[PDB]
Every structure is written in structure tokens, then in C-alpha cells.
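A.B. asks: Could you have a look at this structure, given as C-alpha cells, before my questions?
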Amino acid sequence: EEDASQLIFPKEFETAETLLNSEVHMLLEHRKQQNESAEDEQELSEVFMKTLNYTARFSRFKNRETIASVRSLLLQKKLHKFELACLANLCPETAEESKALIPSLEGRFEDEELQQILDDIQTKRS
Amino acid sequence: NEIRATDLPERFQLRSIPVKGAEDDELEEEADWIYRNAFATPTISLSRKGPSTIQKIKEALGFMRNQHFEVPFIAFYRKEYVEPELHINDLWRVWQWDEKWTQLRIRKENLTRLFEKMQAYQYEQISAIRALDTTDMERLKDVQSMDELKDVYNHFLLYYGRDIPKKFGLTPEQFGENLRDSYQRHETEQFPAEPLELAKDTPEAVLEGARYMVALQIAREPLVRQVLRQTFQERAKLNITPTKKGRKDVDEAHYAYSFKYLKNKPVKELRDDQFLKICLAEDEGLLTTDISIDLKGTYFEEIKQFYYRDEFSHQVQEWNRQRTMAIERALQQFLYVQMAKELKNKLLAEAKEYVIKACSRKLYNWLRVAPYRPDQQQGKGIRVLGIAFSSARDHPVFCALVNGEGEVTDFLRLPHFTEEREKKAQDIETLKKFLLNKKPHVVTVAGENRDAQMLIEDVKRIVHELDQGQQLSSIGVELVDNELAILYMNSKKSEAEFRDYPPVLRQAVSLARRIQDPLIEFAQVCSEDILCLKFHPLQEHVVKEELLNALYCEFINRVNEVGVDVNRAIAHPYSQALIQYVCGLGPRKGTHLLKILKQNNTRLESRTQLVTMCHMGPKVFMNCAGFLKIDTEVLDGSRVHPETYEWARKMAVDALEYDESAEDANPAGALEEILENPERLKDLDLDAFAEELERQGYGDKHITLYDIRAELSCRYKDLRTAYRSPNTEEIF
Amino acid sequence: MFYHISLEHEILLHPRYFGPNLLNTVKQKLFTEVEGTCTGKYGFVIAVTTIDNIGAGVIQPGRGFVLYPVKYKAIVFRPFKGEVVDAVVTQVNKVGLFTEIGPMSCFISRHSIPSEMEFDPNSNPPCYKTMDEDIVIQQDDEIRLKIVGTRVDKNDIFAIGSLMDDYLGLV
RNA sequence: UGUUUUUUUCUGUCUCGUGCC
């Protein structure tokens with residue numbers, strides 16, 4: 001029954017806080033910077049390294065202010081939290097591609113209304 | 001059915017997998033590809049010269065495509081068309097070169113088709129920085145440039161767009177030419193405009209808009225890849241230097257840890273020396289590796305001047321700055337990284353080649369069949385007394401007395417040993433009783449440490465002093481290293497021959513077999529079995545597929561040179577299953593022939609047994625004519641095939657000066673007299689034989705005359721080495 | 001998908017750890033206990049960012065061990081069905097494709113892949129191309145996919161991808 | 001130029017009578 005396509009999740013996960021690829025990337029980078037210092041400490045594990053090299057290959061923007069602006073210009077809408085991560089991470093070109101990938105956008109908003117948002121997201125990319 | 005009842009042999013089909021045969025026009029292309037890709041970095045096949053080597057490779061490829069020839073079948077049967085004994089890796093190298101040429105041709109054809117389709121799509125779209133379908137022809141023509149061709153094709157796909165519905169700085173071609181020639185023939189955009197004006201005509205308000213496009217164009221340009229290719233791969237003084245943690249973790253075990261400050265290692269040390277490449281790969285795996293040419297700091301400076309404007313007064317200065325920025329962006333995108341990747345790939349290839357060469361050398365050294373038969377040739381063979389003891393410390397040591405016909409006659413144990421702290425007679429009495437129990441022909445003792453060597457020496461001394469070798473003579477117990485017999489004792493053959501026996505008996509049997517017929521043991525093992533023996537530590541770093549292929553080729557060549565006994569693999573299990581590494585007789589074909597022989601009960605009547613009984617096809621018989629041998633026609637158990645039977649008979653008659661009347665069996669003076677020993681060699685002239693072969697036969701017999709004479713004079717010639725007695729260092 | 005939620009956990013502290021570094025020891029124990037693990041309720045956890053507070057240690061009767069029900073603010077990665085992400089191809093095989101969704105590895109079969117992407121066993125690098133050879137997909141490429149299934153192999157998530165929906169490849 | 005050993009908590013039934021603080 002758990003299918004994110006139809007916007008359904010358990011009660012505990014419904015009250016979660018979404019994270020973007022750049023956000024998690026910078027969080028892990030800061031954690032690594034803090035951990036590497038303060039000698040006599042247990043070093044990072046393979047999980048941290050794989051997550052780092054996985055999120056580093058999808059960092060659409062390095063500036064934190066870019067993350068702040070792209071979340072601010074998005075939260076003003078009426079979309080759910082789930083629509084804040086996938087759409088901000090994939091960064092599709094045209095509205096048709098976004099509507100095809102995410103079935104929730106089908107009929108939820110107009111065409112130009114989503115195309116302008118996609119163009120803004122593309123421009124915000126570094 | 002297709003492997004055993006196929007028109008072409010199994011080896012020929014397996015060799016030309018990507019390229020199903022060679023056409024008349026494609027033979028020249030395959031030969032050219034093989035010659036070009038025969039020895040680029042190291043010197044290999046420089047023997048055969050350049051043009052002569054290319055011609056020989058082309059002839060071998062043509063023979064393989066037409067007559068379904070194979071590696072040994074073309075190296076021996078086509079000694080004239082290929083290098084006449086230039087090197088061992090003649091047929092296999094030719095097959096590999098032909099396969100590479102065919103693959104390159106197929107890739108070039110696919111690239112040309114893709115380029116034509118893209119050009120047609122572009123013409124249809126824009127015909128109703130442009131997009132022209134002119135690079136497709138270049139990509140299709142670039143057959144030799146594999147990596148460069150792929151890079152150029154990928155760059156073109158990323159530049160034109162790759163979409164399939166159903167003025168900024170110097171041009172890319174001009175920049176590539178100026179970089180390749182070393183002189184900047186074309187400068188940047190010599191216009192009054194600067195990045196301020198160019199960053200407003202996209203919608204970014206940043207001066208780095210055109211830099212990204214310039215970098216993408218430079219990276220995705222075949223000319224840039226060609227110019228950078230070979231510049232650092234040809235020479236790269238890789239400086240080996242351990243890091244902070246690699247210095248202690250390596251402990252001077254790898255290439256990047258043995259020399260604390262031993263840097264400046266050129267490509268010769270990594271490519272030619274496979275050990276250095278293996279060490280660098282191992283060190284670069286976990287801890288770290290020191291692989292840096294350190295030669296760019298000066299190769300990247302010269303490119304900076306090219307593609308940039310020379311004047312500086314706004315327009316000229318702005319153009320020069322923009323060109324420099326674009327060049328830097330392109331270098332950072334695919335300039336240093338591409339060169340480093342190419343150098344790493346070249347180093348890995350060199351290490352793999354070195355590992356394969358070491359494995360092939362080890363296989364050639366250890367595969368030569370050099371048994372120790374009676375008199376170093378009563379009864380056929382000698383009775384090898386395989387003595388494979390466990391400890392020699394009051395424990396039962398296996399001691400089997402196998403016969404010389406690939407079978408074990410008997411065995412026994414010797415629990416008594418010098419057990420007892422002070423007992424110098426029990427071991428002697430046990431050895432005397434064991435020697436008197438049977439009548440072996442030779443002693444094959446093993447060794448593990450000083451105690452084992454002392455026990456072997458004591459046993460040999462007791463046998464020689466009391467004449468325990470045969471009961472009526474002293475027999476020298478030949479030392480045998482416990483290397484092959486230990487592995488063969490616990491193999492499938494050892495288990496099948498004896499199931500309810502201790503490991504000592506199996507080890508003794510394996511040792512006895514290894515010192516009687518190494519070829520039989522090598523052919524009767526899985527090749528799994530060959531992979532158990534390590535050829536060198538550097539082979540582990542390189543791909544094991546190349547080593548396995550080299551070992552299989554060496555085994556096939558050895559089998560072809562020594563031949564196969566048809567009767568030996570009919571009833572004797574020890575000398576059975578030896579039709580897997582024959583020239584043209586693959587494993588499936590050999591298994592089918594063995595099954596047919598076991599069912600119908602057909603014996604090796606002559607060379608045409610598989611052509612008359614309907615067991616093997618014409619191509620299979622022709623390709624495997626020089627490898628199948630029988631016990632009894634006269635020229636069946638030799639390299640003389642049916643085609644050269646008449647020529648061999650005529651040559652023997654002329655040398656013996658006997659009558660000529662349909663000699664196949666009936667005249668024996670020319671056959672039996674010449675087979676017993678050399679009757680007359682001056683009677684048979686090389687020029688006359690060659691002229692006769694050319695006039696009648698459709699082939700020159702200048703190179704095959706010697707082989708035919710040897711086959712007529714000596715049948716079933718063995719290509720294995722002699723019996724190698726253990727030495728001091730070798731014994732240890 | 002990565003998320004930031006508030007979790008709770010308790011760890012017994014042996015009395016030998018009492019002293020001026022009690023809180024530091026509790027934090028150190030917490031760090032090396034709830035990092036990298038996985039559970040079927042909240043999913044796979046990456047690491048811990050910060051800790052909210054330290055509960056009151058209730059010493060057990062007749063035992064020196066004391067438990068601290070700490071509530072930490074850590075992140076979690078719990079992919080669901082139907083989500084679309086961008087991963088990288090790790091290996092190409094005739095049986096199927098292998099990718100790496102961060103701390104998880106999925107797998108797509110040839111049946112899911114359309115018939116246009118054929119095999120290239122002749123070429124040394126395993127790759128899939130079309131008849132015209134225009135589009136090329138190989139390893140170390142940012143290729144998207146769709147999570148059509150989930151699985152947890154005893155705290156080891158291993159989902160399954162798919163390649164039927166359009167616009168799934170090179171961006 | 002040598003020196004012989006390694007296995008271990010078992011476990012018993014239901015009923016009646018007598019004596020003692």
C-alpha cells in the first residue's frame with residue numbers, strides 16, 4: 001500500500017522533514033570536517049564515504065543561500081513536502097517531463113505555472 | 001551437434017568468434033590491423049619483419065578463414081604462409097590480430113552508420129555553430145583509433161545534441177590543429193568585443209557563459225584526444241613515493257612503498273616490468289600509490305600561447321583573456337583528467353601483459369613433458385616406483401610401483417622409520433622388504449624438509465647397496481619434487497583410479513605418473529586444474545582470462561608438436577582424454593570421437609579412421625591431420641596427412657631407390673627401411689620436391705619437405721623435453 | 001529519500017564510566033550505536049547531527065548498569081515505492097543492470113529495459129546501445145530509475161528499479 | 001645426529017505412618 005506516487009506514507013513518516021541533495025551533502029561535509037579534527041576519534045566508516053561520493057555527484061548548487069532561496073520560493077505553493085525534494089533534485093527541463101515522472105502533478109497545476117517554476121529552478125543551478 | 005558435427009573445426013570457430021571467417025577484401029584489413037596492433041609499446045614480432053610479418057599474418061588469416069585453419073594448424077601446416085617458426089606465439093597472435101581487426105571494422109561501420117543517420121536527421125530538421133554530418137565519415141574511417149574514435153564520437157553526440165525524435169573564441173578545429181602542430185596558427189576571437197558584451201547577447205549576467213561551451217567543445221573533440229594521446233602515455237616518469245600511512249602499511253612490499261624516495265620511474269619500468277605495475281596497482285588499491293609523471297610542469301605551458309590573441313588593448317586583450325579562460329576550462333574539464341586516465345589504462349594494460357607473459361613462460365617451462373624412462377628413451381616403459389612419504393617419522397609413507405604404460409602396478413606402506421628415537425635398522429629392513437616385494441624400474445622419492453631428504457637419501461643408499469632397484473641390479477632412485485604428484489593425487493583421476501586408498505598412495509601414483517608421461521597428466525586434467533599452479537604473483541593483479549588463454553594455447557601447441565596416440569586413449573584411462581588440446585580437434589569434438597570409439601569399438605586403423613567411419617568432418621580431418629596418430633597406414637602415426645601421403649611415399653622411394661608401384665603399404669623397403677634409419681638423404685632434393693609440389697599439388701613444398709622427411713623417418717615424434725634431475729637450488 | 005526526524009534510544013552505561021566525562025561518554029556511546037544501522041520501522045539511518053537532551057539515568061535495582069533514554073536529532077534514508085531518484089550505474093551484465101542508490105543497491109533486468117537497448121558482449125566494456133548507436137549507456141553514468149519495490153535483508157535495504165517510463169537516462 | 005596419550009553432572013514416581021520445636 002505504501003506508494004509515494006499516490007501520496008501515502010505511515011503516520012510517523014508524514015511528520016518528517018524533507019532534505020535536498022545539496023543540503024545532505026553539505027551536512028555530511030561539515031560532519032566530516034568536524035570529525036577529522038579532534039584527534040583520538042573513531043574515523044568514518046564505509047557508509048559515510050559511499051554516501052559522500054554519492055551525494056557529491058548530484059550537487060546542483062554548492063551555495064547554501066541557493067538552497068535557502070529554492071526552498072523559500074517553493075514552500076509558498078500548496079504542494080506537499082514530498083513534492084519539495086524530488087522536483088528540486090531531478091531538475092527536469094520541461095513541464096511534460098516533470099508531469100510524466102511524477103504522476104501527482106497530472107492535473108494538479110497548469111502547464112505554464114509549472115514550466116515557469118522549472119525554468120526558475122534551472123536558472124538557479126550553478 | 002554444432003561443436004562436434006560442424007563443417008569447420010572447433011578451434012577455428014572459437015578463435016574467430018567476433019569475426020565469423022575472413023573475406024578476401026577483409027583479409028588485408030585484418031592483417032593490417034594485426035600488424036599495426038602487434039607491438040606498439042614493447043617490441044614484439046619486429047623473426048618476422050614489418051612487411052614480411054604483415055604478409056605472413058594476412059596469409060595466416062586468409063588460410064584460417066578459407067580452410068578453417070587454427071593456431072597450430074596454420075603455424076605448422078602453413079609454415080610458408082606465416083612466419084616459418086618465427087616464434088611460438090604465431091598462430092594465437094595471428095588469430096588475436098584478426099579478431100581485433102574484425103572488431104575494429106565492425107565498430108567503424110557502426111560509427112559510420114550512426115554518423116550518417118545523425119547527419120540525415122540534422123539535414124531533415126534544420127533543412128526546413130551549426131550541425132553538420134561530416135564527422136561520421138571520419139569516425140567510420142578511423143578504424144585504428146579505438147579509444148580516440150570513441151571519444152570523438154561521444155563528443156560529436158554531446159555537441160550536436162543526440163536528440164532522436166523518431167562566435168566565442170577560436171574554432172575547435174583551428175585550436176586542435178594549432179595545438180597538434182605546436183604552433184598557434186589561429187588566435188582567439190580578434191574582435192573589439194570582450195566577455196562583458198558576450199555575456200549579454202545568454203541570460204546569465206556572468207562572464208563564464210562561453211567558457212563552459214568552449215570547455216565542452218574542447219573536451220568533446222577527437223583532435224584534442226589525438227594530440228593528448230601518446231604524449232604522456234609514451235613516456236611518464238611515475239615517481240613512487242609512500243604517503244604518511246603507506247610508508248608503514250606497505251612495509252616496502254609494493255611498488256609505492258619499496259622506494260621511500262625512489263621516483264622518476266618511466267613507462268619502461270611499468271610496462272616492461274610487470275612487477276612494478278602490479279605493485280603500484282596493489283598499493284593504489286587500499287592505502288595509496290605514487291603514480292605521477294611530473295612532466296606537464298613543460299607540456300601545458302606551450303598550449304597556453306596557442307589559441308590566444310597576442311595584442312592587449314581591450315579587444316585584443318579581451319580576446320586573449322577569453323581564449324586563456326576557455327583553454328583553462330577545457331583543460332580542467334578533460335585535459336589533466338583524460339591524460340591521467342589514459343596513463344592509468346596504459347599502466348594497467350602493461351601490467352596485464354607482463355603477467356600474461358610470465359604465466360606463459362611458466363607454462364612453457366613446466367609443461368614440457370620430460371619423463372625419466374629406461375635409458376632415457378624389457379617391456380614398454382619403465383616401472384616408476386612412486387615413493388610419496390608423509391613424514392618419515394614412524395608413519396606410513398606411500399610407495400607405489402606403477403608401470404610405464406600409464407598405470408599403477410602395485411604399492412605398499414612403510415610405517416617403520418628412523419616413531420623410534422634410536423632405530424637405524426627397522427627402516428632399512430622395511431625398505432629391503434618393499435624392494436624385494438616387487439621389481440620396480442626407477443625410484444621416485446618426494447621431499448618436504450631436511451628429514452624427508454635424509455629419509456630419501458637413506459632409502460636410495462639402502463636400495464643401491466643391496467641392489468633393491470630390480471632385485472638383480474642397483475637402481476638409481478630419481479629425485480622428484482613434491483609439486484605435481486601432490487596435486488595429482490587428490491584430483492579426479494586419482495580418486496577414480498583409487499577410492500579406498502590413503503592419500504599417500506594417491507600422492508605416490510601422481511608422482512609416478514608425473515615422471516612417466518607429463519603430457520598424459522596435463523591432457524587428462526581440467527583446464528581449473530591448470531589454474532591451481534600459480535605462474536607468478538603478478539598474474540593475480542592482471543586478468544586471469546589472458547593467462548588461461550595463453551596456457552591453453554601453449555598446451556595445444558605442445559600437444560600438436562608431440563602428437564596424440566589414438567590407441568593410448570582407447571582402453572588405458574591414464575592416457576585418455578587427450579583430444580581436447582589438438583589443432584582443430586576441440587574438446588566437444590574430442591569427446592564425441594571418444595564416445596563414438598567406445599560405442600562402435602573402432603580402433604585407430606589409420607589417419608582416415610575419422611574420415612572413413614563418418615566420425616569427423618572433412619574440415620576437422622584436414623585441420624587435425626597433423627595431430628592425430630595411430631599405433632599401426634604407415635604414415636598414420638605421424639604428421640603426414642592424407643594430402644602429403646603420396647609425396648611422402650614418393651620421397652621415401654626415391655631416397656631408398658626402390659621400385660615405384662602404387663606404394664602405400666606393399667613396398668616396405670622404402671617405408672620400413674627408411675623408418676628404421678636414414679637410408680639415403682641426398683637422393684631427395686629440396687628443389688625437385690618443391691617443383692613437383694608446385695606442378696602437381698597446388699602448393700610449394702620447400703618448408704614442408706623437411707617435415708615430411710622427418711615424419712617418414714620418425715613416426716610419433718615427441719616434442720617434450722628430457723628428464724630434468726633435481727639440482728641443489730631446484731631440489732631445495 | 002533522506003529525511004531529518006527526531007528519534008529516541010536508550011543505552012546502558014557501565015559504572016566504570018562514571019566521572020567528569022559522563023555526558024561525553026554517553027554521547028560517544030550513542031554515536032557508535034545508531035550510525036549506519038537499519039530498522040524496518042524508520043529505515044536506514046545515515047548519521048546523527050545533534051542531540052536534543054540527556055534523560056535522567058534510572059539506576060536499575062541490583063545492577064550497576066544505568067539506562068539513559070536519549071533523544072537524538074539524526075537523519076534517515078527510507079526509500080518508498082514509486083519514488084524517482086538519480087543514481088549511478090555500477091556494472092552492466094546480460095542478466096541485468098546494477099546501480100547504487102547511496103546506501104542501497106538496486107537492480108534492473110533486461111525485461112524492464114525496452115527492446116531498443118541491445119547487448120554489446122563483443123566490445124570489451126559491457127554496454128547497451130541502439131540500432132543507430134546514438135544513445136549510449138555505460139557504467140559511471142548518472143542514470144535515473146523508479147523504485148517499484150522495497151526489501152530489507154535484516155537491516156540491509158535492497159530495492160528494485162525499473163526502466164519502462166519515458167525520460168529515464170542521460171539528462 | 002632423536003624425544004608415543006585429552007573422554008566428564010549426573011537423578012527416580014505416587015501414597016501412608018511415626019517423632020520433634
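Chain labels A, B, ... are given in the sequence in which chains occur in the C-alpha cells; within each chain residues are numbered consecutively from 1, and ligands are likewise numbered from 1 in the order shown.
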Show me which bits of chain A are within 12 Å of chain B, counting only C-alpha atoms, as a list in words.
C.D. replies: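 Taking only C-alpha atoms into account, residues 119, 120, 122, 123, 124, 125 and 126 of chain A sit within 12 Å of chain B.
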A.B. asks: Define the interface residues of chain A facing chain C as those within 6 Å, counting only C-alpha atoms, and report them as a PyMOL selection string.
C.D. replies: chain A and resi 3-5+16-19+51+54
A.B. asks: Quick one: which chain B residues come within 9 Å of chain C, and what is the nearest atom pair for each with the distance in Å to one decimal, counting only C-alpha atoms, rows ordered by chain and ascending number, as a tab-separated table?
C.D. replies:
```
residue	atom	partner	partner_atom	distance
B:17	CA	C:122	CA	8.8
B:18	CA	C:122	CA	6.4
B:103	CA	C:122	CA	7.6
B:107	CA	C:123	CA	8.7
B:110	CA	C:133	CA	7.0
B:111	CA	C:133	CA	7.2
B:113	CA	C:132	CA	6.8
B:114	CA	C:132	CA	5.0
B:115	CA	C:134	CA	8.5
B:117	CA	C:132	CA	7.0
B:118	CA	C:134	CA	7.9
B:154	CA	C:136	CA	8.7
B:157	CA	C:134	CA	7.0
B:162	CA	C:134	CA	6.3
B:163	CA	C:134	CA	8.5
B:164	CA	C:134	CA	8.1
```
A.B. asks: Region 372-382 of chain B: which residues within 9 Å, counting only C-alpha atoms (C1' of nucleotides), same-chain residues fewer than 3 positions away excluded, as an mmCIF file with C-alpha atoms, in the first residue's frame?
C.D. replies:
```cif
data_model
loop_
_atom_site.group_PDB
_atom_site.id
_atom_site.type_symbol
_atom_site.label_atom_id
_atom_site.label_comp_id
_atom_site.auth_asym_id
_atom_site.auth_seq_id
_atom_site.Cartn_x
_atom_site.Cartn_y
_atom_site.Cartn_z
ATOM 1 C CA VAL B 402 53.469 -48.062 -11.245
ATOM 2 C CA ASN B 403 54.277 -49.333 -14.729
ATOM 3 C CA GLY B 404 55.451 -47.337 -17.728
ATOM 4 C CA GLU B 405 52.146 -47.750 -19.590
ATOM 5 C CA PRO B 440 60.402 -51.568 -9.995
ATOM 6 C CA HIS B 441 62.316 -49.804 -12.751
ATOM 7 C CA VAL B 442 63.092 -46.476 -11.036
ATOM 8 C CA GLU B 478 65.484 -40.346 -9.243
ATOM 9 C CA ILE B 515 57.762 -38.886 -14.045
ATOM 10 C CA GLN B 516 56.447 -41.177 -16.820
ATOM 11 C CA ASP B 517 54.148 -39.110 -19.065
ATOM 12 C CA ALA B 722 64.149 -34.602 -21.398
ATOM 13 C CA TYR B 723 64.226 -35.845 -17.804
ATOM 14 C CA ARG B 724 65.365 -32.975 -15.565
ATOM 15 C CA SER B 725 67.056 -34.278 -12.427
#
```
A.B. asks: Of the candidates B:695, B:423, B:180, B:263, which one gets nearest to chain D if we count only C-alpha atoms (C1' of nucleotides)?
C.D. replies: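 That would be B:423, the residue with the smallest distance to chain D.
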A.B. asks: Within 9 Å of residue 436 (chain B), counting only C-alpha atoms (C1' of nucleotides), which residues show up once you throw out same-chain ones fewer than 5 positions away? Write them as an MDAnalysis selection string, please.
C.D. replies: chainID B and resid 431 468:471
A.B. asks: Please indicate the distance in Å from CA of residue 512 (chain B) to CA of residue 444 (chain B), rounded to one decimal place.
C.D. replies: 6.5 Å
A.B. asks: Go through A:15, A:9, A:20, A:44 one by one, measure the shortest atom-to-atom distance of each to residue 66 (chain A) using only C-alpha atoms, and give the residue with the smallest value.
C.D. replies: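 Of A:15, A:9, A:20, A:44, the one nearest residue 66 (chain A) is A:20, counting only C-alpha atoms.
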A.B. asks: I need the chain D residues near chain B as a PDB file with N, CA, C and O atoms (P, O5', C5', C4', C3', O3' and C1' of nucleotides), in the first residue's frame; criterion: at most 8 Å, counting only C-alpha atoms (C1' of nucleotides).
C.D. replies:
```pdb
ATOM      1  P     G D   2      68.287 -36.019  13.075  1.00  0.00           P
ATOM      2  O5'   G D   2      67.830 -36.750  14.415  1.00  0.00           O
ATOM      3  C5'   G D   2      66.592 -36.427  15.038  1.00  0.00           C
ATOM      4  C4'   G D   2      66.017 -37.607  15.782  1.00  0.00           C
ATOM      5  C3'   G D   2      64.732 -37.325  16.556  1.00  0.00           C
ATOM      6  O3'   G D   2      63.908 -38.490  16.544  1.00  0.00           O
ATOM      7  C1'   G D   2      66.402 -38.062  18.052  1.00  0.00           C
ATOM      8  P     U D   3      62.317 -38.357  16.729  1.00  0.00           P
ATOM      9  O5'   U D   3      62.110 -38.532  18.297  1.00  0.00           O
ATOM     10  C5'   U D   3      60.993 -37.953  18.954  1.00  0.00           C
ATOM     11  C4'   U D   3      61.021 -38.225  20.436  1.00  0.00           C
ATOM     12  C3'   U D   3      59.967 -37.502  21.260  1.00  0.00           C
ATOM     13  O3'   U D   3      58.685 -38.118  21.216  1.00  0.00           O
ATOM     14  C1'   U D   3      62.075 -37.252  22.294  1.00  0.00           C
ATOM     15  P     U D   4      58.519 -39.722  21.221  1.00  0.00           P
ATOM     16  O5'   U D   4      56.954 -39.940  21.418  1.00  0.00           O
ATOM     17  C5'   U D   4      56.026 -39.529  20.420  1.00  0.00           C
ATOM     18  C4'   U D   4      54.669 -40.157  20.631  1.00  0.00           C
ATOM     19  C3'   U D   4      53.938 -39.726  21.901  1.00  0.00           C
ATOM     20  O3'   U D   4      52.533 -39.695  21.655  1.00  0.00           O
ATOM     21  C1'   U D   4      54.273 -42.064  21.940  1.00  0.00           C
TER      22        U D   4
END
```
A.B. asks: So that I can see what lies close to residue 97 (chain A), please list as a PyMOL selection string the residues with an atom at most 12 Å from it, counting only C-alpha atoms (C1' of nucleotides) and leaving out residues fewer than 4 positions away in the same chain.
C.D. replies: (chain A and resi 87+90-93+101-103+105-106+111+114-115+118) or (chain C and resi 165-168+171)
A.B. asks: Pull the helix (DSSP H, G or I) assignments for region 26-107 of chain C out of DSSP run on the backbone, and list those residues as a PyMOL selection string.
C.D. replies: chain C and resi 26-31
A.B. asks: Keeping N, CA and C atoms, export the residues of the selection given above as a PDB file, in the first residue's frame.
C.D. replies:
```pdb
ATOM      1  N   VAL C  26      28.509   9.129  27.316  1.00  0.00           N
ATOM      2  CA  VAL C  26      27.187   8.766  26.811  1.00  0.00           C
ATOM      3  C   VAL C  26      27.057   9.160  25.348  1.00  0.00           C
ATOM      4  N   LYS C  27      27.506  10.369  25.002  1.00  0.00           N
ATOM      5  CA  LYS C  27      27.448  10.804  23.611  1.00  0.00           C
ATOM      6  C   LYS C  27      28.300   9.911  22.717  1.00  0.00           C
ATOM      7  N   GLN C  28      29.509   9.571  23.169  1.00  0.00           N
ATOM      8  CA  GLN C  28      30.386   8.719  22.373  1.00  0.00           C
ATOM      9  C   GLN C  28      29.747   7.357  22.135  1.00  0.00           C
ATOM     10  N   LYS C  29      29.138   6.779  23.173  1.00  0.00           N
ATOM     11  CA  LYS C  29      28.452   5.501  23.014  1.00  0.00           C
ATOM     12  C   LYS C  29      27.274   5.629  22.059  1.00  0.00           C
ATOM     13  N   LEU C  30      26.532   6.737  22.147  1.00  0.00           N
ATOM     14  CA  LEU C  30      25.398   6.935  21.254  1.00  0.00           C
ATOM     15  C   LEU C  30      25.857   7.020  19.805  1.00  0.00           C
ATOM     16  N   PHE C  31      26.976   7.710  19.558  1.00  0.00           N
ATOM     17  CA  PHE C  31      27.455   7.881  18.190  1.00  0.00           C
ATOM     18  C   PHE C  31      27.755   6.533  17.547  1.00  0.00           C
TER      19      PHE C  31
END
```
A.B. asks: Could you name the residues that touch residue 51 (chain C) at 8 Å or less, counting only C-alpha atoms (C1' of nucleotides), but leaving out those on the same chain fewer than 3 positions away, as a compact mmCIF listing (two decimals) with N, CA, C and O atoms, in the first residue's frame?
C.D. replies:
```txt
# COMPACT_ATOMS: atom_id res chain seq x y z
N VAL C 48 24.17 10.97 12.76
CA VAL C 48 23.50 11.82 13.75
C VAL C 48 24.07 13.22 13.65
O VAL C 48 25.30 13.40 13.57
N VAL C 70 18.03 8.68 25.73
CA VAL C 70 18.41 9.88 24.99
C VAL C 70 17.55 10.01 23.74
O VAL C 70 17.14 9.02 23.12
N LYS C 71 17.25 11.26 23.38
CA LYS C 71 16.51 11.58 22.16
C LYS C 71 17.44 12.40 21.26
O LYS C 71 17.75 13.55 21.57
N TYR C 72 17.87 11.80 20.16
CA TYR C 72 18.81 12.42 19.24
C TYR C 72 18.12 12.87 17.96
O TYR C 72 17.14 12.26 17.52
N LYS C 73 18.64 13.94 17.38
CA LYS C 73 18.12 14.51 16.13
C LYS C 73 19.05 14.07 15.01
O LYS C 73 20.04 14.73 14.70
N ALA C 74 18.72 12.95 14.39
CA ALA C 74 19.53 12.36 13.32
C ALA C 74 18.73 12.29 12.03
O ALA C 74 17.51 12.49 12.01
```
A.B. asks: Which residues are near residue 67 (chain A)? Cut-off 10 Å, only C-alpha atoms (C1' of nucleotides), ignore same chain within fewer than 2 positions. Put them as a PyMOL selection string.
C.D. replies: chain A and resi 20-23+60-65+69-72+88+124
